[PDB]
Amino acid sequence: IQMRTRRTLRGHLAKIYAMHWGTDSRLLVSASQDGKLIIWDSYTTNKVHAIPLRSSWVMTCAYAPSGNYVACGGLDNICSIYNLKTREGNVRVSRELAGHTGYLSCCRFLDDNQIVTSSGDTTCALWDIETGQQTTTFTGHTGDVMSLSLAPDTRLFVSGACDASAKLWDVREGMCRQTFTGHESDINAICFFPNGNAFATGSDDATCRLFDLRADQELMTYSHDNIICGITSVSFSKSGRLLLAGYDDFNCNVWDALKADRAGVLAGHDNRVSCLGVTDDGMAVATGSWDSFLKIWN
Amino acid sequence: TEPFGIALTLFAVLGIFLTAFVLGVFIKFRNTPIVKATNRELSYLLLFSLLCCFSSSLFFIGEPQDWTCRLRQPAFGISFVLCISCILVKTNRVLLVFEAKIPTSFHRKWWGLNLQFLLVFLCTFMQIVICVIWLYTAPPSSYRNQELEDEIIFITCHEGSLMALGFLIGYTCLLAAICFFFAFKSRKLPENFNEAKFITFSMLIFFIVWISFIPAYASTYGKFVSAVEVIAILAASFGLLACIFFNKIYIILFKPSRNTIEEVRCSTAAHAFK
Amino acid sequence: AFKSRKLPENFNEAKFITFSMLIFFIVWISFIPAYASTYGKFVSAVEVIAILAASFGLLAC
Amino acid sequence: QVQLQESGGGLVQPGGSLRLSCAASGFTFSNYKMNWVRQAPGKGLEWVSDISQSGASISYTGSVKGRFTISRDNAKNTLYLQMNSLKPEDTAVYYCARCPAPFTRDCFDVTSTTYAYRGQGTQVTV
Amino acid sequence: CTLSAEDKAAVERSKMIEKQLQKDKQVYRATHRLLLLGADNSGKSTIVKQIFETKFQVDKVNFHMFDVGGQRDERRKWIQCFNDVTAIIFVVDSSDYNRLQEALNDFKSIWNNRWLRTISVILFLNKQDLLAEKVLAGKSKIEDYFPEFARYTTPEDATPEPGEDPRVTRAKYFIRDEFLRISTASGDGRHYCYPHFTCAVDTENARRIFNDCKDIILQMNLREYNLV
Ligand SMILES: CCCCCCCCCCC(CCCCCCCCCC)(CO[C@@H]1O[C@H](CO)[C@@H](O[C@H]2O[C@H](CO)[C@@H](O)[C@H](O)[C@H]2O)[C@H](O)[C@H]1O)CO[C@@H]1O[C@H](CO)[C@@H](O[C@H]2O[C@H](CO)[C@@H](O)[C@H](O)[C@H]2O)[C@H](O)[C@H]1O
Ligand SMILES: CC(C)CCC[C@@H](C)[C@H]1CC[C@H]2[C@@H]3CC=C4C[C@@H](OC(=O)CCC(=O)O)CC[C@]4(C)[C@H]3CC[C@]12C
Ligand SMILES: CC(C)CCC[C@@H](C)[C@H]1CC[C@H]2[C@@H]3CC=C4C[C@@H](OC(=O)CCC(=O)O)CC[C@]4(C)[C@H]3CC[C@]12C
Ligand SMILES: CC(C)CCC[C@@H](C)[C@H]1CC[C@H]2[C@@H]3CC=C4C[C@@H](OC(=O)CCC(=O)O)CC[C@]4(C)[C@H]3CC[C@]12C
Ligand SMILES: CC(C)CCC[C@@H](C)[C@H]1CC[C@H]2[C@@H]3CC=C4C[C@@H](OC(=O)CCC(=O)O)CC[C@]4(C)[C@H]3CC[C@]12C
Ligand SMILES: CC(C)CCC[C@@H](C)[C@H]1CC[C@H]2[C@@H]3CC=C4C[C@@H](O)CC[C@]4(C)[C@H]3CC[C@]12C
Ligand SMILES: CC(C)CCC[C@@H](C)[C@H]1CC[C@H]2[C@@H]3CC=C4C[C@@H](O)CC[C@]4(C)[C@H]3CC[C@]12C
Ligand SMILES: CC(C)CCC[C@@H](C)[C@H]1CC[C@H]2[C@@H]3CC=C4C[C@@H](O)CC[C@]4(C)[C@H]3CC[C@]12C
Ligand SMILES: CC(C)CCC[C@@H](C)[C@H]1CC[C@H]2[C@@H]3CC=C4C[C@@H](O)CC[C@]4(C)[C@H]3CC[C@]12C
Ligand SMILES: CC(C)CCC[C@@H](C)[C@H]1CC[C@H]2[C@@H]3CC=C4C[C@@H](O)CC[C@]4(C)[C@H]3CC[C@]12C
Ligand SMILES: COc1cccc([C@@H](C)NCCCc2ccccc2Cl)c1
């Protein structure tokens, strides 16, 4: 499995922590510690919007599935929602959600008026953006929650935390259905398999693992003796046959999920691979690194 | 076969041996603070150019032939300019390093390494263009002079055009003046990052040695002419080979305890405090 | 002068004395073959140059 | 699952000795640096000792220097602490802590209030 | 150019965005950023008389200092955010011997952290007056907590401030030497520590930070050009 860099997106000033693809599979949003979000047009390598932030320390960003809003947050314990489409013609802060007691590590939209967040205070939350209040709070992790992954049907979601633990939550009731263990260190990234009956986790263990919801246990492990660095990001292809994972060795590895055999390496960055994403049509892979660069591979 | 030619050949071979020894010492201690402080790649290029300078000095001796008279002047004219260009670029880079006041230069390693050679090639390329124009328009030739004396035939070289030689000399002097200016600026820096011995070389080789040979070059004929050339060349080469390396070589081989990271760190901190 | 080239007496006079003597010796070592090569009316010129160079050296040092 | 179990505590007269053991499971024990920490009544957590993977590097805190010794058997996947000449202030609950990530020397958050890779501890009274 | 008119206007908009980004690039690359660390009772809040952020100015150079305090006890994850900062300013209370070993362990953890392997540390040994009074009083003994103090002698290069007692100097330099010997075991020349003695009335701290940052930048530039 050989991929090549088709686009290189330049313009950020500092390390990039987060990125998120649009549903149209063409526009993406990226976040840097310089204090800026940028919406890139992948096809033309054009800057559509540059949003300055009130806080430089941003750790996450999300793109609304409708395409009318973006979200961000970080060490300021606040989730900011920016309205992209206004009559005045400029991006303005739509809402400023407060209530977490720790840094905001991840956020994902459900629709235009619902968002799910995970924080460093060892909890997740479901918000109503209009009222700015937490409709639900998910508790149970004994460590910082790093990443979360919404289900394709937007009914369930998993969270992985710095206690070698992942938890499955139902948004409507607000209770932990199942708890998955098996890692030895902090989980840094988590992602569902496309049909929704399995998910993959990466950690500082330098191993990725596949868990199945129905069997309530892991099925496969992905590691090599040479690898001693932790996984920062993980994602699946459109069909789930390939598992893409970025590491601290400045490289991304492609794994045959069904056989746990490495099939290729994406090696173009010169610093830590912080964020990774795959388009909704499965046509490209975006990797953003601490070297202030974001690349498209196909 | 003449004793004077033997002496000149021995001096050139001795210079070549010393240059090779210095190069080998620098290669051996290639990852030590003293050798790191003086740009490695530019030092290697400069040492190769000094070897070329001695080889060029070797062209003048012998019975003049057309190709030798063609090749003799451009060889030294290009080699000396290459040496001066290396020194100039090195001083300019160290000045830019020491004058920066911003968290990081953000200067790519490959980009800087290639940029150094690119600037060096600019200078040498102007020299090569002048030489190519000269050799295309009016090549120098050999000539059996039978007018200077009645009993003697002098086999000498006729310069195709004195204007081209004047242009080579003028360009070399201009580049040397620019290098002198930049080296004069870089004298307050720590002693490991200075190139203030180029001032000494210019004082002792350009204003004393080369000056004192002006009358000899003004009115003289026959083998002595070539003599002056060779001697002048040797002087410059030896002086340069001294003023840039010998002291450092000493500290690298003898007094080895001064070739330590702590010494360089202390000197840089002292520069920072002042 | 070279023995005490590191002594700081009289605004570090010994270093300048060492440089001046080096200039003198370089001037005359270069004078030898320059005089041996000059032919004609210019054989005096070199002497003047030497007589200048060394002298200037001392002053400037 | 990462499990650390401490044992070998109780009440001992001053000047006695005591051996603490820590059994580890759910991870590769030889890949991690280990620590011994204590918490006294009315006081917070206090780092006591640590030992590296191969056991070549061993460090103590000041009060225990010479009186205590730390060791590890990677074949048995167990950590040992020998305690000699117990001063009356040695009374505390002792924890065997594991460093968060393998192949590292830095060990953040071992004396934190809520650290996942720690144990229940053993009470030592002097 | 095989571009439509609207595509060309989009390109022009992107160009204007790039110009604004370049201006922000100049502004951002001008300013130095510092991370303030140190436990409570150390007085890190009042080190510069000019609290999550702070601006100050020293001779036409802008410093921006960050004190992260609204988080949990664990700092293993968010600390990675501060790996581009010019300096970590670590403040240690020099009078309390009961919690000095905790400060030593924290300084060790910061110094050997993987993502802080290139950041230099400016060390402020605060509260020197209280240490001096406690030493001259004699109620507290460093030997109780640090037995190595007995087999210690004052440094040859140690400087006594005009008017003082040798025991006070011995205590000060022992405290400094603990952090220094921590700092001179894994540095490898990539990063260094700058220790200072500062009381509460001291007002020279900003100048010391300025000089230390100058030195840090010089060393970084030398290493980047592969000259050191
Ligand atoms: C055909 C025309 C030829 C022109 C060629 C001239 C080239 C440029 C002039 C340079 C020059 C000649 C002065 C000429 C006198 C004029 C006529 C005199 C007649 C009477 C009127 C001016 O020398 C001046 O000397 C000043 C006196 O010290 C000094 O001042 C300072 O100190 C004040 C005191 O405390 C203080 O207060 C003031 O603040 C300071 O600034 C100036 O910085 C310096 O410019 C000498 O430059 C010096 O040359 C040295 C080489 O020997 C050279 O050392 C290098 O090499 C050494 C050995 O290899 C090696 O050992 C050294 O390590 C190495 O560094 C020095 O770097 C260079 O500087
Ligand atoms: C910053 C400082 C160090 C300036 C550096 C300049 C030197 C490299 C230049 C200045 C004057 C030059 C000299 C000026 C005049 C001559 C005369 C020239 O004599 C002839 O060309 C023969 C007569 C003729 O054929 O016209 C030989 C080169 C020489 C010695 C030049 C050699 C190089 C010198 C010393
Ligand atoms: C044919 C002959 C007459 C050639 C002429 C040579 C001299 C009359 C000139 C040529 C180059 C000149 C030098 C070129 C450069 C400098 C550097 C300059 O230094 C600085 O100004 C830098 C100060 C700093 O920024 O630190 C002082 C004058 C000086 C020595 C000049 C002094 C006079 C020189 C030697
Ligand atoms: C074939 C024969 C007749 C050769 C005659 C040529 C001489 C006029 C040349 C040859 C060797 C040259 C010397 C070679 C080396 C040096 C070292 C150099 O020493 C330093 O620069 C010391 C540096 C410092 O001060 O730290 C001074 C010039 C000098 C004497 C050169 C001056 C001119 C010399 C004596
Ligand atoms: C060629 C004809 C037309 C006239 C001959 C004049 C030259 C041979 C003289 C004139 C100016 C003299 C120079 C004037 C000043 C100096 C400064 C002097 O520098 C120092 O000694 C300072 C060293 C220190 O600062 O320690 C070295 C000799 C030198 C180059 C002199 C060498 C001989 C020069 C070039
Ligand atoms: C004509 C000139 C350039 C030829 C130069 C040849 C000499 C200077 C070179 C040729 C091969 C070189 C050697 C090659 C490899 C090593 C191994 C190293 O660990 C120490 C230095 C040493 C031993 C080198 C010293 C310099 C050396 C001997
Ligand atoms: C500060 C810089 C510009 C000074 C540069 C001066 C150089 C370019 C000047 C100074 C004296 C000049 C020389 C003076 C006399 C002659 C004799 C002539 O028959 C050929 C050219 C030649 C040899 C000149 C070449 C150019 C020269 C070397
Ligand atoms: C004409 C040529 C070939 C002679 C070669 C002799 C060389 C190798 C000798 C001659 C005199 C020597 C110098 C004499 C004095 C010093 C000063 C000292 O602090 C550093 C070494 C240094 C600079 C010596 C280096 C070696 C040296 C330059
Ligand atoms: C052809 C032959 C005779 C030329 C011989 C040149 C003699 C005079 C030269 C060659 C090497 C020179 C030495 C090289 C280096 C230094 C170091 C310097 O800090 C003081 C001068 C000093 C010590 C020089 C004195 C003069 C010297 C010995
Ligand atoms: C008239 C001319 C040709 C005589 C030339 C003689 C030269 C080669 C002689 C004369 C004086 C000698 C110098 C006298 C003093 C010293 C200082 C000593 O610590 C090293 C040798 C050194 C540096 C000598 C080197 C050689 C020297 C320069
Ligand atoms: C820098 O001047 C040059 C440029 C190229 C060649 C040459 C030489 C190889 N031939 C002419 C020699 C000119 C000359 C005569 C007496 C004293 C010094 C000098 Cl230099 C010199």
# chains A, B, ... in the order shown; residues from 1 in each chain; ligands from 1
>>> residues_near_ligand(ligand="ligand 9", cutoff="8 Å", atoms="only C-alpha atoms and all ligand atoms", output="PyMOL selection string")
(chain B and resi 242-243+246-247) or (chain C and resi 2+18-19+22+25-26+29)
>>> write_last_selection(atoms="N, CA, C and O atoms", output="short mmCIF file (atom, residue, chain, number, x, y, z; two decimals), in the first residue's frame")
data_model
loop_
_atom_site.label_atom_id
_atom_site.label_comp_id
_atom_site.auth_asym_id
_atom_site.auth_seq_id
_atom_site.Cartn_x
_atom_site.Cartn_y
_atom_site.Cartn_z
N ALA B 242 48.97 29.31 6.94
CA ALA B 242 49.31 29.58 8.33
C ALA B 242 48.15 30.27 9.03
O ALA B 242 47.54 29.71 9.95
N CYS B 243 47.77 31.45 8.53
CA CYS B 243 46.96 32.37 9.32
C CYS B 243 45.60 31.80 9.68
O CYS B 243 44.98 32.26 10.64
N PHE B 246 47.21 26.95 11.38
CA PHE B 246 48.29 26.39 12.18
C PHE B 246 47.99 26.50 13.67
O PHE B 246 48.02 25.49 14.39
N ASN B 247 47.65 27.70 14.14
CA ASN B 247 47.32 27.88 15.55
C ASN B 247 46.27 26.87 16.00
O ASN B 247 46.49 26.14 16.97
N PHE C 2 58.75 38.28 22.74
CA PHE C 2 57.92 37.09 22.67
C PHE C 2 57.88 36.35 23.99
O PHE C 2 56.88 35.69 24.30
N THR C 18 56.40 42.60 19.36
CA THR C 18 56.56 41.34 18.64
C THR C 18 56.09 41.47 17.20
O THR C 18 56.77 41.03 16.27
N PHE C 19 54.93 42.09 17.00
CA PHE C 19 54.42 42.26 15.64
C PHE C 19 55.34 43.14 14.81
O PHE C 19 55.56 42.86 13.62
N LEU C 22 58.37 41.12 13.77
CA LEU C 22 57.96 40.19 12.72
C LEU C 22 57.84 40.90 11.38
O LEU C 22 58.26 40.36 10.34
N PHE C 25 61.40 41.48 9.95
CA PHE C 25 62.03 40.29 9.39
C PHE C 25 61.35 39.86 8.09
O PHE C 25 62.04 39.46 7.14
N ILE C 26 60.02 39.94 8.03
CA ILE C 26 59.32 39.61 6.79
C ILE C 26 59.75 40.54 5.67
O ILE C 26 60.01 40.11 4.54
N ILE C 29 63.41 39.50 4.54
CA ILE C 29 63.40 38.20 3.87
C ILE C 29 62.76 38.31 2.49
O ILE C 29 63.22 37.67 1.54
#
>>> residues_near_ligand(ligand="ligand 2", cutoff="10 Å", atoms="only C-alpha atoms and all ligand atoms", output="PDB file with N, CA and C atoms, in the first residue's frame")
ATOM      1  N   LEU B 162      46.404  42.630 -22.191  1.00  0.00           N
ATOM      2  CA  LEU B 162      46.702  43.047 -20.826  1.00  0.00           C
ATOM      3  C   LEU B 162      45.440  43.460 -20.079  1.00  0.00           C
ATOM      4  N   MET B 163      44.392  43.849 -20.809  1.00  0.00           N
ATOM      5  CA  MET B 163      43.155  44.279 -20.166  1.00  0.00           C
ATOM      6  C   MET B 163      42.503  43.136 -19.398  1.00  0.00           C
ATOM      7  N   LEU B 165      44.026  40.496 -18.020  1.00  0.00           N
ATOM      8  CA  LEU B 165      44.808  40.277 -16.808  1.00  0.00           C
ATOM      9  C   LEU B 165      44.522  41.357 -15.774  1.00  0.00           C
ATOM     10  N   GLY B 166      44.404  42.606 -16.222  1.00  0.00           N
ATOM     11  CA  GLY B 166      44.025  43.671 -15.312  1.00  0.00           C
ATOM     12  C   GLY B 166      42.673  43.428 -14.673  1.00  0.00           C
ATOM     13  N   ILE B 169      43.069  40.721 -11.953  1.00  0.00           N
ATOM     14  CA  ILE B 169      43.704  41.287 -10.767  1.00  0.00           C
ATOM     15  C   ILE B 169      42.734  42.197 -10.023  1.00  0.00           C
ATOM     16  N   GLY B 170      41.999  43.034 -10.756  1.00  0.00           N
ATOM     17  CA  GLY B 170      41.078  43.955 -10.114  1.00  0.00           C
ATOM     18  C   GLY B 170      39.956  43.246  -9.386  1.00  0.00           C
ATOM     19  N   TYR B 171      39.396  42.205 -10.004  1.00  0.00           N
ATOM     20  CA  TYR B 171      38.329  41.454  -9.350  1.00  0.00           C
ATOM     21  C   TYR B 171      38.844  40.747  -8.103  1.00  0.00           C
ATOM     22  N   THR B 172      40.042  40.162  -8.186  1.00  0.00           N
ATOM     23  CA  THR B 172      40.609  39.502  -7.014  1.00  0.00           C
ATOM     24  C   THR B 172      40.822  40.497  -5.880  1.00  0.00           C
ATOM     25  N   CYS B 173      41.342  41.684  -6.204  1.00  0.00           N
ATOM     26  CA  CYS B 173      41.562  42.697  -5.178  1.00  0.00           C
ATOM     27  C   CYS B 173      40.246  43.193  -4.586  1.00  0.00           C
ATOM     28  N   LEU B 174      39.215  43.348  -5.418  1.00  0.00           N
ATOM     29  CA  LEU B 174      37.910  43.774  -4.921  1.00  0.00           C
ATOM     30  C   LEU B 174      37.325  42.746  -3.957  1.00  0.00           C
ATOM     31  N   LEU B 175      37.383  41.467  -4.332  1.00  0.00           N
ATOM     32  CA  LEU B 175      36.866  40.422  -3.457  1.00  0.00           C
ATOM     33  C   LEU B 175      37.666  40.344  -2.165  1.00  0.00           C
ATOM     34  N   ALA B 176      38.988  40.514  -2.253  1.00  0.00           N
ATOM     35  CA  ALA B 176      39.814  40.510  -1.052  1.00  0.00           C
ATOM     36  C   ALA B 176      39.483  41.690  -0.148  1.00  0.00           C
ATOM     37  N   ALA B 177      39.178  42.850  -0.732  1.00  0.00           N
ATOM     38  CA  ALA B 177      38.781  44.002   0.072  1.00  0.00           C
ATOM     39  C   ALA B 177      37.458  43.752   0.786  1.00  0.00           C
ATOM     40  N   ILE B 178      36.495  43.148   0.088  1.00  0.00           N
ATOM     41  CA  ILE B 178      35.217  42.819   0.719  1.00  0.00           C
ATOM     42  C   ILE B 178      35.431  41.838   1.869  1.00  0.00           C
ATOM     43  N   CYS B 179      36.261  40.819   1.636  1.00  0.00           N
ATOM     44  CA  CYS B 179      36.564  39.852   2.683  1.00  0.00           C
ATOM     45  C   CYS B 179      37.258  40.517   3.864  1.00  0.00           C
ATOM     46  N   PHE B 180      38.156  41.468   3.589  1.00  0.00           N
ATOM     47  CA  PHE B 180      38.822  42.210   4.655  1.00  0.00           C
ATOM     48  C   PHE B 180      37.821  42.994   5.487  1.00  0.00           C
ATOM     49  N   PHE B 181      36.861  43.649   4.833  1.00  0.00           N
ATOM     50  CA  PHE B 181      35.829  44.377   5.566  1.00  0.00           C
ATOM     51  C   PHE B 181      35.044  43.446   6.480  1.00  0.00           C
ATOM     52  N   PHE B 182      34.585  42.316   5.938  1.00  0.00           N
ATOM     53  CA  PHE B 182      33.784  41.397   6.740  1.00  0.00           C
ATOM     54  C   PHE B 182      34.593  40.797   7.884  1.00  0.00           C
ATOM     55  N   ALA B 183      35.868  40.481   7.640  1.00  0.00           N
ATOM     56  CA  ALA B 183      36.718  39.952   8.703  1.00  0.00           C
ATOM     57  C   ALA B 183      37.008  41.002   9.766  1.00  0.00           C
ATOM     58  N   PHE B 184      37.162  42.265   9.367  1.00  0.00           N
ATOM     59  CA  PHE B 184      37.321  43.345  10.330  1.00  0.00           C
ATOM     60  C   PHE B 184      36.081  43.531  11.187  1.00  0.00           C
ATOM     61  N   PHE B 198      42.835  36.925   8.918  1.00  0.00           N
ATOM     62  CA  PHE B 198      42.857  37.361   7.528  1.00  0.00           C
ATOM     63  C   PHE B 198      43.384  38.785   7.423  1.00  0.00           C
ATOM     64  N   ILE B 199      43.163  39.592   8.462  1.00  0.00           N
ATOM     65  CA  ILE B 199      43.753  40.926   8.521  1.00  0.00           C
ATOM     66  C   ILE B 199      45.273  40.830   8.544  1.00  0.00           C
ATOM     67  N   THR B 200      45.804  39.920   9.362  1.00  0.00           N
ATOM     68  CA  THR B 200      47.249  39.723   9.426  1.00  0.00           C
ATOM     69  C   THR B 200      47.793  39.243   8.086  1.00  0.00           C
ATOM     70  N   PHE B 201      47.080  38.314   7.446  1.00  0.00           N
ATOM     71  CA  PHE B 201      47.504  37.818   6.141  1.00  0.00           C
ATOM     72  C   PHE B 201      47.536  38.943   5.113  1.00  0.00           C
ATOM     73  N   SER B 202      46.498  39.780   5.096  1.00  0.00           N
ATOM     74  CA  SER B 202      46.454  40.891   4.153  1.00  0.00           C
ATOM     75  C   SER B 202      47.565  41.894   4.429  1.00  0.00           C
ATOM     76  N   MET B 203      47.849  42.158   5.705  1.00  0.00           N
ATOM     77  CA  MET B 203      48.903  43.108   6.045  1.00  0.00           C
ATOM     78  C   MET B 203      50.277  42.597   5.631  1.00  0.00           C
ATOM     79  N   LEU B 204      50.566  41.323   5.891  1.00  0.00           N
ATOM     80  CA  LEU B 204      51.907  40.798   5.673  1.00  0.00           C
ATOM     81  C   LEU B 204      52.147  40.261   4.268  1.00  0.00           C
ATOM     82  N   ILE B 205      51.101  39.997   3.486  1.00  0.00           N
ATOM     83  CA  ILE B 205      51.259  39.380   2.175  1.00  0.00           C
ATOM     84  C   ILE B 205      50.836  40.294   1.038  1.00  0.00           C
ATOM     85  N   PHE B 206      49.845  41.152   1.243  1.00  0.00           N
ATOM     86  CA  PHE B 206      49.394  42.061   0.202  1.00  0.00           C
ATOM     87  C   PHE B 206      50.104  43.402   0.215  1.00  0.00           C
ATOM     88  N   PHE B 207      50.461  43.923   1.387  1.00  0.00           N
ATOM     89  CA  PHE B 207      51.035  45.254   1.506  1.00  0.00           C
ATOM     90  C   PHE B 207      52.537  45.245   1.741  1.00  0.00           C
ATOM     91  N   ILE B 208      53.153  44.078   1.905  1.00  0.00           N
ATOM     92  CA  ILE B 208      54.593  44.010   2.123  1.00  0.00           C
ATOM     93  C   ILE B 208      55.246  43.096   1.096  1.00  0.00           C
ATOM     94  N   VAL B 209      54.796  41.843   1.028  1.00  0.00           N
ATOM     95  CA  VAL B 209      55.434  40.884   0.130  1.00  0.00           C
ATOM     96  C   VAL B 209      55.114  41.218  -1.320  1.00  0.00           C
ATOM     97  N   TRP B 210      53.829  41.381  -1.637  1.00  0.00           N
ATOM     98  CA  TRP B 210      53.440  41.623  -3.022  1.00  0.00           C
ATOM     99  C   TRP B 210      53.858  43.012  -3.484  1.00  0.00           C
ATOM    100  N   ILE B 211      53.890  43.984  -2.569  1.00  0.00           N
ATOM    101  CA  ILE B 211      54.351  45.323  -2.926  1.00  0.00           C
ATOM    102  C   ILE B 211      55.817  45.298  -3.332  1.00  0.00           C
ATOM    103  N   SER B 212      56.662  44.627  -2.547  1.00  0.00           N
ATOM    104  CA  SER B 212      58.101  44.646  -2.776  1.00  0.00           C
ATOM    105  C   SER B 212      58.508  43.988  -4.085  1.00  0.00           C
ATOM    106  N   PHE B 213      57.614  43.238  -4.727  1.00  0.00           N
ATOM    107  CA  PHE B 213      57.901  42.611  -6.009  1.00  0.00           C
ATOM    108  C   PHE B 213      57.392  43.421  -7.193  1.00  0.00           C
ATOM    109  N   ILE B 214      56.812  44.601  -6.958  1.00  0.00           N
ATOM    110  CA  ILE B 214      56.348  45.425  -8.077  1.00  0.00           C
ATOM    111  C   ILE B 214      57.491  45.857  -8.989  1.00  0.00           C
ATOM    112  N   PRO B 215      58.614  46.396  -8.487  1.00  0.00           N
ATOM    113  CA  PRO B 215      59.711  46.735  -9.408  1.00  0.00           C
ATOM    114  C   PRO B 215      60.221  45.547 -10.205  1.00  0.00           C
ATOM    115  N   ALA B 216      60.340  44.379  -9.571  1.00  0.00           N
ATOM    116  CA  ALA B 216      60.819  43.194 -10.272  1.00  0.00           C
ATOM    117  C   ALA B 216      59.896  42.844 -11.429  1.00  0.00           C
ATOM    118  N   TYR B 217      58.587  42.901 -11.194  1.00  0.00           N
ATOM    119  CA  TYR B 217      57.643  42.652 -12.274  1.00  0.00           C
ATOM    120  C   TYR B 217      57.608  43.808 -13.262  1.00  0.00           C
ATOM    121  N   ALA B 218      58.007  45.007 -12.832  1.00  0.00           N
ATOM    122  CA  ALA B 218      57.923  46.171 -13.709  1.00  0.00           C
ATOM    123  C   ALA B 218      58.928  46.083 -14.849  1.00  0.00           C
ATOM    124  N   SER B 219      60.188  45.776 -14.535  1.00  0.00           N
ATOM    125  CA  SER B 219      61.260  45.728 -15.525  1.00  0.00           C
ATOM    126  C   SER B 219      62.163  44.531 -15.225  1.00  0.00           C
ATOM    127  N   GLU B 229      56.573  35.275 -10.155  1.00  0.00           N
ATOM    128  CA  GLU B 229      55.258  34.648 -10.123  1.00  0.00           C
ATOM    129  C   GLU B 229      55.216  33.549  -9.078  1.00  0.00           C
ATOM    130  N   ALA B 232      55.657  34.700  -5.476  1.00  0.00           N
ATOM    131  CA  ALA B 232      54.478  35.415  -5.012  1.00  0.00           C
ATOM    132  C   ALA B 232      53.381  34.430  -4.653  1.00  0.00           C
TER     133      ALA B 232
END
>>> residues_around(residues="range 208-222 of chain A", least_positions_apart="5", cutoff="9 Å", atoms="only C-alpha atoms", output="number ranges by chain")
A: 168, 178-183, 193, 196-203, 231, 234, 245, 255, 257-262
>>> residues_around(residues="residue 236 in chain A", least_positions_apart="6", cutoff="8 Å", atoms="only C-alpha atoms", output="PyMOL selection string")
chain A and resi 191-194+242-244+278
>>> write_last_selection(atoms="C-alpha atoms", output="mmCIF file, in the first residue's frame")
data_model
loop_
_atom_site.group_PDB
_atom_site.id
_atom_site.type_symbol
_atom_site.label_atom_id
_atom_site.label_comp_id
_atom_site.auth_asym_id
_atom_site.auth_seq_id
_atom_site.Cartn_x
_atom_site.Cartn_y
_atom_site.Cartn_z
ATOM 1 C CA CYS A 191 -12.057 5.382 16.502
ATOM 2 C CA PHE A 192 -14.976 3.141 15.460
ATOM 3 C CA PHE A 193 -14.894 0.534 12.749
ATOM 4 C CA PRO A 194 -17.324 1.612 9.984
ATOM 5 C CA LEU A 242 -6.799 -0.582 6.553
ATOM 6 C CA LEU A 243 -5.916 0.985 9.898
ATOM 7 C CA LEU A 244 -3.896 4.206 9.780
ATOM 8 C CA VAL A 278 -9.772 10.143 6.430
#
>>> residues_around(residues="range 156-162 of chain E", least_positions_apart="4", cutoff="12 Å", atoms="only C-alpha atoms", output="ChimeraX atom specification")
/E:166-174,176-177,197
>>> closest_atom_pairs(of="chain C", to="ligand 11", cutoff="12 Å", atoms="only C-alpha atoms and all ligand atoms", output="Markdown table")
| residue | atom | partner | partner_atom_place_in_ligand_line | distance |
| --- | --- | --- | --- | --- |
| C:30 | CA | ligand 11 | 17 (C) | 11.1 |
| C:33 | CA | ligand 11 | 17 (C) | 12.0 |
| C:34 | CA | ligand 11 | 16 (C) | 9.6 |
| C:37 | CA | ligand 11 | 16 (C) | 11.2 |
| C:38 | CA | ligand 11 | 16 (C) | 11.4 |
>>> write_last_selection(atoms="N, CA, C and O atoms", output="short mmCIF file (atom, residue, chain, number, x, y, z; two decimals), in the first residue's frame")
data_model
loop_
_atom_site.label_atom_id
_atom_site.label_comp_id
_atom_site.auth_asym_id
_atom_site.auth_seq_id
_atom_site.Cartn_x
_atom_site.Cartn_y
_atom_site.Cartn_z
N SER C 30 61.71 39.12 2.35
CA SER C 30 61.16 39.38 1.03
C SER C 30 62.05 40.29 0.19
O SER C 30 62.02 40.20 -1.04
N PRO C 33 65.08 38.20 -2.36
CA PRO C 33 64.86 37.78 -3.76
C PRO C 33 64.32 38.90 -4.63
O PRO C 33 64.56 38.90 -5.85
N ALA C 34 63.59 39.85 -4.05
CA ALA C 34 63.10 40.99 -4.82
C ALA C 34 64.26 41.81 -5.37
O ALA C 34 64.24 42.23 -6.53
N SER C 37 66.03 39.90 -8.16
CA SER C 37 65.29 39.80 -9.41
C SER C 37 65.21 41.11 -10.18
O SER C 37 65.05 41.09 -11.40
N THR C 38 65.29 42.25 -9.50
CA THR C 38 65.13 43.53 -10.16
C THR C 38 66.30 43.83 -11.09
O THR C 38 67.46 43.54 -10.77
#
